[PDB]
Amino acid sequence: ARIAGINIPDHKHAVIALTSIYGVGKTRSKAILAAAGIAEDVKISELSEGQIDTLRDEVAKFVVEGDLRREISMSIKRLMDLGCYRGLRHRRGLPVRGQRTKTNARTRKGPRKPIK
Amino acid sequence: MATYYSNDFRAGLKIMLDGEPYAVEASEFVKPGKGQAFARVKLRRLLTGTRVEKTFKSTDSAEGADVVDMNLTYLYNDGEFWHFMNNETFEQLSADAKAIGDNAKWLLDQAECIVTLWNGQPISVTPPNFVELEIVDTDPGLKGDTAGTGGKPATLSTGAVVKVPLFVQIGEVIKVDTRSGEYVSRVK
Amino acid sequence: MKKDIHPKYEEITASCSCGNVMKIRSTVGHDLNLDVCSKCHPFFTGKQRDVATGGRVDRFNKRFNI
Amino acid sequence: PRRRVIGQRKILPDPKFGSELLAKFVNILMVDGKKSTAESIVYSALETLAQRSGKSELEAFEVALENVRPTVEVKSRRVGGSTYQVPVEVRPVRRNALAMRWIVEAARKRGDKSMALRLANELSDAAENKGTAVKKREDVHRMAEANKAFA
RNA sequence: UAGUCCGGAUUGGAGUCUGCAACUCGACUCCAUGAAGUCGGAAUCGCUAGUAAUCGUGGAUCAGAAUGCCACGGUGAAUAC
RNA sequence: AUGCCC
RNA sequence: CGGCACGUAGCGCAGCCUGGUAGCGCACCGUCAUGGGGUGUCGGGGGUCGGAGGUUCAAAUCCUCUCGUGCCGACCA
Ligand SMILES: [Mg+2]
Ligand SMILES: [Mg+2]
Ligand SMILES: [Mg+2]
Ligand SMILES: [Mg+2]
Ligand SMILES: [Mg+2]
Ligand SMILES: [Mg+2]
Ligand SMILES: [Mg+2]
Ligand SMILES: [Mg+2]
Ligand SMILES: [Mg+2]
């Protein structure tokens with residue numbers, strides 16, 4: 001109920017529980033439970049502490065929140081500092097993968113801002 | 001127990017003359033040449049709310065009265081008494097039917113209403129600008145052949161009636177302004 | 001130290017996954033099942049995987065070359 | 001509609017009990033043309049209700065209907081400046097149909113876990129004269145007995 | 001019964017393919033990320049039966065590039081006083 | 001019951 | 001000259017008494033209704049109080065001095 005620095009819920013199954021980490025989706029958690037030999041239908045309550053330490057070793061074999069956010073922001077900032085096209089798009093808060101902006105950019109532009 | 005002179009009171013003050021409370025809405029002091037100066041005051045009879053005008057000679061006027069107005073949160077009307085609780089003195093301040101003049105229809109509950117009480121008895125109630133009420137009796141909004149503005153009368157939870165557009169049905173809380181008595185919104 | 005006013009402060013043994021037990025006074029009441037302590041925290045052998053610089057030209061001429 | 005009155009189509013009865021009105025019911029419950037899932041849901045709810053009620057699911061269903069089934073309802077007319085509420089009788093097929101519709105709508109609104117359980121609760125409460133369904137029936141009778149003066 | 005094992009937007013990294021050439025500006029895949037959204041105001045649209053609703057499949061155009069368009073079936077209603 | 005003008 | 005009564009959103013007014021929230025109508029913006037305009041319906045945004053200095057924990061409010069305005073009479077010889 002504590003892994004890689006974050007607290008993991010107890011009432012839910014092990015795969016979903018492990019997904020509660022930043023850097024572990026469903027397939028990643030399936031891989032974790034496989035490598036550790038822990039089933040998927042087991043909830044975090046009713047595990048050996050040792051089992052939990054094994055999970056800790058596996059997730060350590062992966063990359064999670066601290067280093068992950070570090071490298072994400074580092075790449076983003078490398079873009080924004082080069083000033084390449086993706087960089088400028090990040091800077092101005094517009095879609096980067098090439099979507100249209102004549103409408104439907106609400107995720108990158110937040111809510112709409114009326115004229116004043 | 002303070003007596004006020006005519007050339008003393010400017011707007012706002014509350015007077016007690018003739019055993020009826022008054023309140024100066026406006027007063028212009030005149031000091032003619034070769035005459036005794038005086039003041040044309042516009043009084044507000046704090047009992048019926050009807051204005052009366054007086055010219056008071058520089059000589060004398062009258063004592064002030066216990067006319068105090070402050071927010072009191074409406075509690076409940078049981079029978080004929082409209083209770084309140086000061087937010088800060090928490091007093092079971094009670095008025096009566098005369099004191100509530102046709103503001104009842106605008107009064108619901110938990111409503112902070114500025115009231116004027118004279119010598120520990122409220123003589124008047126001012127309902128808040130807007131009040132959220134719920135319609136309880138309204139025929140449907142059947143558009144039919146209307147080619148124009150129209151509207152719809154609607155009985156409210158306090159007995160009050162007001163015109164509402166067409167779509168509000170029953171169970172809708174409509175914001176109505178106590179001053180005019182008219183619809184403002186549907187309270188979503 | 002007043003008498004009644006403070007919570008109970010007793011000796012508690014705390015066991016880590018580094019395999020060491022930390023006997024210490026504390027207020028948790030019960031014992032302690034600890035996961036990561038000072039001597040096992042990746043603070044000495046983590047300052048390179050934690051910084052993760054890398055190099056674009058190296059990655060490139062790895063992916064392909066002349 | 002306007003030109004020529006027209007006959008109603010035939011519906012085949014349900015498998016389990018073979019009752020036309022029960023087959024109508026599955027239909028009303030049905031959504032997206034998922035007749036199979038609708039049948040499953042109504043059958044499970046009927047089982048639950050039969051167990052809670054003792055007597056067989058048919059008389060259970062029917063007493064629920066006997067409680068929710070209205071007899072008079074109102075239709076607006078807009079005579080002049082004011083709109084009206086004309087109280088008109090309900091023909092038997094109509095009362096059956098909208099009784100079922102009110103029941104299933106109550107169920108859909110209810111806040112239980114699964115639809116079978118919602119429907120079970122609704123049919124039970126209707127049989128015992130409770131719930132939003134019979135509340136709606138009461139409101140409709142009440143609007144009619146308010147606007148009785150019209151005919 | 002949770003903003004969730006709902007929702008998939010956005011974004012990072014790594015690739016496949018067509019194509020002289022995917023930066024502006026393709027589609028697609030894997031890992032991670034997990035917004036808004038809890039049924040939508042006034043207002044408004046389609047539908048009378050194999051219809052509405054719902055689910056998939058194909059074609060044209062075309063190297064690549066469809067939630068569009070044109071077709072095909074599967075299940076399959078309510079109601080019309 | 002309301003319904004003005006191009 | 002004083003007394004006096006003001007100065008608050010684009011305009012008209014509240015609030016100030018009794019310091020701790022600046023509101024109310026019109027206007028303004030975006031839909032909707034309409035063949036189109038208007039009426040109408042549904043949504044929204046707007047100033048933070050003429051200016052300066054003090055009382056205070058805190059000033060649109062209480063003080064004081066200014067400035068722009070209104071009304072007042074400035075008489076008996
Ligand atoms: Mg994924
Ligand atoms: Mg595109
Ligand atoms: Mg009842
Ligand atoms: Mg109901
Ligand atoms: Mg949300
Ligand atoms: Mg939900
Ligand atoms: Mg037809
Ligand atoms: Mg399709
Ligand atoms: Mg004209």
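All Cβ positions, even for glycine, are placed from backbone atoms using ideal geometry, and neighbour counts span all protein chains on display. Laboratory data are not the source of any read-out in this text; all were calculated from the coordinates shown.
Have a look at B:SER185, B:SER180 and point out the one that is within 11 Å of RNA strand E (Cβ to nearest atom) and within 24 Å of B:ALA111 (Cβ to Cβ). Break it down stepwise before answering.
On the way: B:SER180 fails: within 11 Å of RNA strand E (Cβ to nearest atom).
Just one listed residue meets the conditions, B:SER185.
In the range A:1-25, how many are within 14 Å of chain C (Cβ to nearest Cβ) and small (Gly, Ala, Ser)?
Selection size over the range A:1-25: 4.
Please work out which residue is farthest from RNA strand F (Cβ to nearest atom), limiting yourself to the range A:73-85 and to residues that are closer than 30 Å to A:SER29 by Cβ and surrounded by 12 or more Cβ atoms within 10 Å (Cβ to Cβ). Step through it out loud before you land on a result.
So in the range A:73-85, the residues closer than 30 Å to A:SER29 by Cβ come out as A:73-79.
Filter again for surrounded by 12 or more Cβ atoms within 10 Å (Cβ to Cβ), leaving A:74, A:76-79.
On the way: A:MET74: 64, A:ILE76: 57, A:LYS77: 61, A:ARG78: 62, A:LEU79: 57 Å.
Among those residues, the one meeting the criterion is A:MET74.
On the given criteria, is D:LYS130 touching a helix residue (DSSP H, G or I) at 6+ places or on another chain (Cβ under 9 Å), within 11 Å of ligand 4 (Cβ to nearest atom) and either within 14 Å of chain B (Cβ to nearest Cβ) or of a type outside the set (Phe, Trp, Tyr) (or both)? I'd like the intermediate steps shown before the answer.
Working: touching a helix residue (DSSP H, G or I) at 6+ places or on another chain (Cβ under 9 Å): yes; within 11 Å of ligand 4 (Cβ to nearest atom): no; either within 14 Å of chain B (Cβ to nearest Cβ) or of a type outside the set (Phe, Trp, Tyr) (or both): yes.
No: the conditions fail for D:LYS130.
Evaluate the following for B:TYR4: is it crowded, with 16+ Cβ neighbours inside 10 Å and either closer than 25 Å to B:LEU107 by Cα or of a type outside the set (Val, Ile, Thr) (or both)? Steps first, answer last, please.
Values: crowded, with 16+ Cβ neighbours inside 10 Å: yes; either closer than 25 Å to B:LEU107 by Cα or of a type outside the set (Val, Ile, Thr) (or both): yes.
Yes; evaluated as a whole, the condition is true for this residue.
Could you please find all residues in the range D:51-97 being away from every other protein chain (no Cβ under 14 Å), of a type in the set (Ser, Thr, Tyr) and closer than 30 Å to B:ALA154 by Cα? Spell out how you get there, then give the answer.
Our first condition is that a residue be away from every other protein chain (no Cβ under 14 Å); within the range D:51-97, this holds for D:51-72, D:88-97.
Narrowing the set further to residues that are of a type in the set (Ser, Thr, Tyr) leaves D:53, D:56, D:71.
If the condition is that a residue be away from every other protein chain (no Cβ under 14 Å), of a type in the set (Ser, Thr, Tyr) and closer than 30 Å to B:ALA154 by Cα, then D:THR71 is the only one that fits.
Here are B:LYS163, B:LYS152: which of them is surrounded by 14 or more Cβ atoms within 10 Å (Cβ to Cβ), within 14 Å of chain D (Cβ to nearest Cβ) and in contact with a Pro (Cβ under 7 Å, 6 or more places away or on another chain)? It would help to see each step written out before you state the result.
Working: B:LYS163 fails: surrounded by 14 or more Cβ atoms within 10 Å (Cβ to Cβ).
None of the others qualify; the one that does is B:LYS152.
From the list A:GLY98, A:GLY110, A:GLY37, A:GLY50, which residue is exposed (fewer than 10 other Cβ atoms within 10 Å of the Cβ), free of Cβ contacts under 8 Å to residues at least 60 places away in the same chain and within 12 Å of chain C (Cβ to nearest Cβ)? Explain how you work it out, then say what you get.
Numbers: A:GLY98 fails: within 12 Å of chain C (Cβ to nearest Cβ); A:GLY110 fails: within 12 Å of chain C (Cβ to nearest Cβ); A:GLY37 fails: within 12 Å of chain C (Cβ to nearest Cβ).
From the options A:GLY98, A:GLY110, A:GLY37, A:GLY50, the qualifying one is A:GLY50.
Please determine whether any residue of the range D:32-50 is without any contact (Cβ under 8 Å) to a residue 12 or more places away in the chain, within 14 Å of chain B (Cβ to nearest Cβ) and more than 16 Å from ligand 3 (Cβ to nearest atom).
No - not one qualifying residue is present in the range D:32-50.
Any idea which residue in the range C:4-50 is nearest to the chain's Cα centre (by Cα), counting only those that are among the hydroxyl-bearing types (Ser, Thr, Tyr) and within 14 Å of another protein chain (Cβ to nearest Cβ)? Outline the logic, then answer.
At the first step, the residues of the range C:4-50 found to be among the hydroxyl-bearing types (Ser, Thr, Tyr) are C:9, C:13, C:15, C:17, C:26-27, C:38, C:45.
Those left that are additionally within 14 Å of another protein chain (Cβ to nearest Cβ): C:15, C:17, C:45.
Values: C:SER15: 13, C:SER17: 10, C:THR45: 12 Å.
Out of the qualifying residues, it is C:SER17.
Of all residues in the range D:100-142, which are of a type in the set (A, V, I, L, M, F, W, C) and away from ligand 3 (no atom under 16 Å from the Cβ)?
Initially, the range D:100-142 is screened for residues of a type in the set (A, V, I, L, M, F, W, C), giving D:100, D:102-104, D:106-107, D:115-117, D:119-120, D:123, D:126-127, D:133-134, D:140.
Across the range D:100-142, the qualifying residues are D:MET100, D:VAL104, D:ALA107, D:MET115, D:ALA116, D:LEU117, D:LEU119, D:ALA120.
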